[PDB]
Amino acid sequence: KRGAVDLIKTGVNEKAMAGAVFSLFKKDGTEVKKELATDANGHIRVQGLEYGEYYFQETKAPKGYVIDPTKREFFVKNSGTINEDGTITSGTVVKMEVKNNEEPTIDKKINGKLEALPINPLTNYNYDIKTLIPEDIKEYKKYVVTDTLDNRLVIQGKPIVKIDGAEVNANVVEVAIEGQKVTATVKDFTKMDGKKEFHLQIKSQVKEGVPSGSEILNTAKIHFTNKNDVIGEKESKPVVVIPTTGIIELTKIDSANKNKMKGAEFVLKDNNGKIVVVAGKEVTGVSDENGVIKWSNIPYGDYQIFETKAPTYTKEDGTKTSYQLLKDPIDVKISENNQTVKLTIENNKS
């Protein structure tokens, strides 16, 4: 006398789940069958089973779903048959419904959709970290998203967490922050049942003084433990911000003499007429012995150079005279395809 069983495997949104692999065991642990893969409709059908207690156990999870170690018991108590497509059933066929849950995933982007971003120092940009919220999140034990920002970066204010686009109280999700480490930990798992997207947004700035063109990478990580004590740890793909700055080289010479000049003072202003400040200091220069003023770490890109003090010289009557002051601004442009602007400035006695 022999019975049968029908395993009905489903996934997200009650979808029929194919490719889920199971083994069938007797209660005493002996393997009856292995490599039983759910068909296109999420079914595994087995007949010809001697009466008694059995249990299925998953050996391979469907792609994208969490592995499930649970031993699922059933009794074969009556006779039953079932053909391969289940269109014909006789007697009693034990029915087993097995649900699968997706495993959380992690995605990091810059300003929503970017994987790379050329940006000026001390200029705001966002890290957008989105993780999948599974259908059994309600039953999860741990769900944490972390991100340690490269130390060449400054966290701006307090990172914000959105669930399905809605900002959540510190009750449901707590945003912690210590040093460069940002950590958002789910605290109320019930307030997230039915939700699908965990979105952590960290606002950042690239510090001043990092070499231009240097790639500052970022990644975020998700840590979780589900109801079955399955522990996950995934890391996002790296995203990159690149500091954009340039160099301004001024060489101060004489009109006809063409000689290098020391002592000529200049200043760099933006097109709003305000002096440019870099490391807390205004961008000022005094011409060296070779008549050079080199300014580095200048963000993009439109500025105006002004002479604030002309060089001196001594005529034959020993006179202590200053060259003429240049009263017109010198427009400069800094931007890739023009990252180092070298300008020669001629200086007239009258």
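Note that residue numbering follows the sequence shown and begins at 1.
Would 212-220 or 231-239 have the larger average of its C-alpha temperature factors, as given in the entry?
Per the PDB record, 212-220.
Comparing 273-281 with 158-166, which has the greater mean CA B-factor as deposited?
Looking at the recorded C-alpha B-factors, 273-281 comes out higher on average.
Of the choices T105, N151, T87, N111, which one's C-alpha carries the largest B-factor in the record?
Out of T105, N151, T87, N111, the record gives the largest C-alpha B-factor to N151.
In this PDB entry, which of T314, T38, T59, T70 has the top CA B-factor?
The record points to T314.
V173 - Cα temperature factor, lowest/middle/highest third of chain:
Tercile = middle for this residue's CA B-factor.
Split the chain's modelled residues into thirds by Cα B-factor; is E249 in the lowest, middle or highest one?
Within its chain, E249 is a highest-third residue by C-alpha B-factor, going by the deposited values.
Ordered by C-alpha B-factor within the chain, which third holds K203? Give me lowest, middle or highest, please.
It falls in the bottom third of the chain.
Which third, lowest, middle or highest, does the CA B-factor of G64 fall in along this chain?
Middle third - that is where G64 ends up once the chain's C-alpha B-factors are sorted.
Divide the modelled residues of the chain into thirds by Cα B-factor and specify which third, lowest, middle or highest, holds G291.
As the PDB entry reports it, the C-alpha B-factor of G291 lands in the highest third of its chain.
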